[PDB]
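Trainee: Please find the sequence and an experimentally derived structure below.
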Amino acid sequence: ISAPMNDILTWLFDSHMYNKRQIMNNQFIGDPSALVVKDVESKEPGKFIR
Amino acid sequence: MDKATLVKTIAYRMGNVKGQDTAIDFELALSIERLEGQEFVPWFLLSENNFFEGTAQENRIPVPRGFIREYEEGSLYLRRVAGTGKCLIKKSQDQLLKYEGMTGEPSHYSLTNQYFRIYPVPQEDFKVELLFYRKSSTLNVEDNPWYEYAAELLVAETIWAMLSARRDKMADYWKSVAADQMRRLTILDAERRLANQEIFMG
């Protein structure tokens, strides 16, 4: 009797979970030419990207 | 380049002039003299380590012979007899009057025109070292540094002087050329200074 409704619930959960997976990661867009690269790739606490 | 090639190129690019050869040398020396008087100092005018010995009771140390300015990434260092040293600190003269009579090794200084002053007045002979910029005629090198590294700026400057006397209009073209060359030289100096250097905040 409840099967039809339960499914609607699984659909909702799965859609949400699949859309989060695709886009929720920190990412940046940039011009490669303008910066010195090795600097970008450092995790030290204070760093000047020249 | 050297002096002969410089004179030949200056004569060629001025209109294939052939009569004048001594005026070219005169205005080539005057060009260097004029360039040394301006605000921008290239890297090749930096001197080597120079040391000064001084008697007790004189706080005034005369300025080195061709002093143009001091070198910022450098310092006046007191070398003690044992070989150890400390770096003296620059302050304005008003700020250094508290010290008159407090006694000890020198610790601070001021530059007032022709003299360096060590306000913690030493009671014994001392010795200091300094790196600074100098006029070329007073550097110890073999050939004028300018000839090797700044030859095209010089050509333009000389051509400008000569033409300016004739009252030619072309002179303003060569002054613009010289300005562009100096602009590029400044960027080259900045690029040379900052290579392979990493900056961390704090």
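Mentor: Perfect, thanks for sending it. Numbering: from 1, shown residues only, chains lettered A, B, ... in the order given.
Trainee: So what touches the longest helix seen in chain A?
Mentor: If you go by DSSP state H, chain A has its longest helix at helix A:3-23. Under the contact criterion Cβ atoms under 8 Å, 6 or more residues apart in numbering or on different chains, helix A:3-23 has no outside partners. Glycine gets a C-beta too; all of them are placed from N, C-alpha and C.
Trainee: which other helices and strands contact the longest helix along chain B?
Mentor: Using DSSP H, we find that the single longest helix of chain B is helix B:171-194. With contacts taken as 3 or more Cβ pairs under 8 Å, 6 or more residues apart in numbering or on different chains; DSSP states H and E, helix B:171-194 sits against helix B:151-166.
Trainee: residues contacting residue B:200?
Mentor: Residue B:200 neighbours (Cβ under 8 Å, 6+ apart): A:44, A:46, A:47, A:48.
Trainee: sorry, back to before: which SSE is immediately downstream of the longest helix of chain A?
Mentor: helix A:37-40 (DSSP states H and E).
Trainee: In chain A, what residue comes closest to chain B?
Mentor: residue A:46 (3.7 Å; Cβ to the nearest Cβ).
Trainee: Could you count how many residues lie near that residue?
Mentor: 8 (other Cβ atoms under 10 Å in any protein chain shown).
Trainee: Could you find the closest non-adjacent residue to it?
Mentor: residue B:201 (3.7 Å; Cβ to Cβ, 6 or more residues apart in numbering or on different chains).
Trainee: where's the most centrally placed residue in chain A relative to residue B:21, distance?
Mentor: Centroid-nearest residue in chain A: residue A:25, 1.6 Å away (criterion: Cα atoms, centre = their mean). Note on residue A:25: its distance to residue B:21, by Cβ to Cβ, to the nearest Å, is 73 Å.
Trainee: on that earlier part again, can I take it that the residue nearest to residue A:46 is in a helix?
Mentor: No: secondary structure of residue B:201, determined by DSSP: H, G, I helix; E, B strand; the rest coil: coil, with no helix assignment.
Trainee: show me the contacts for it.
Mentor: A:46, A:47, A:48.
Trainee: okay, these in TSV with secondary structure and distance to residue B:56 next?
Mentor: Shown next, in TSV, are those (DSSP: H, G, I helix; E, B strand; the rest coil; distance: Cβ to Cβ, whole Å):
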residue	secondary structure	distance to residue B:56
A:46	coil	46
A:47	coil	49
A:48	coil	46
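Trainee: where along chain B do the helices fall?
Mentor: Under DSSP H, chain B gives helices at B:3-13, B:22-36, B:145-149, B:151-166, B:171-194.
Trainee: Comparing these, which stretch has the densest surroundings?
Mentor: Highest mean neighbour count of the helices of chain B: helix B:151-166, a mean of 20 (counted as mean count of other Cβ atoms under 10 Å in any protein chain shown).
Trainee: Which strands or helices does that helix pack on?
Mentor: helix B:3-13, helix B:22-36, helix B:171-194.
Trainee: Could you point out which of those helices sits nearest residue B:155?
Mentor: helix B:3-13 (5.4 Å; Cβ to Cβ).
Trainee: May I have the closest one as CSV, with CA atoms only?
Mentor: Output of helix B:3-13 as CSV, limited to C-alpha atoms (Å, rounded to 0.1, in the frame of the first residue of the first chain):
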residue,chain,number,x,y,z
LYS,B,3,84.2,53.5,-27.5
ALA,B,4,85.3,53.1,-31.1
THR,B,5,82.1,51.3,-32.1
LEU,B,6,80.1,53.8,-30.2
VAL,B,7,81.6,56.8,-32.0
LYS,B,8,81.2,55.0,-35.4
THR,B,9,77.5,54.2,-34.7
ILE,B,10,76.8,57.8,-33.4
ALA,B,11,78.4,59.3,-36.6
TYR,B,12,76.5,56.9,-38.9
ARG,B,13,73.1,57.3,-37.3
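Trainee: which outside residues touch it?
Mentor: Contacts for helix B:3-13 (Cβ under 8 Å, 6+ apart): B:1, B:17-18, B:20-21, B:24-25, B:28, B:147, B:151, B:154-155, B:158-159.
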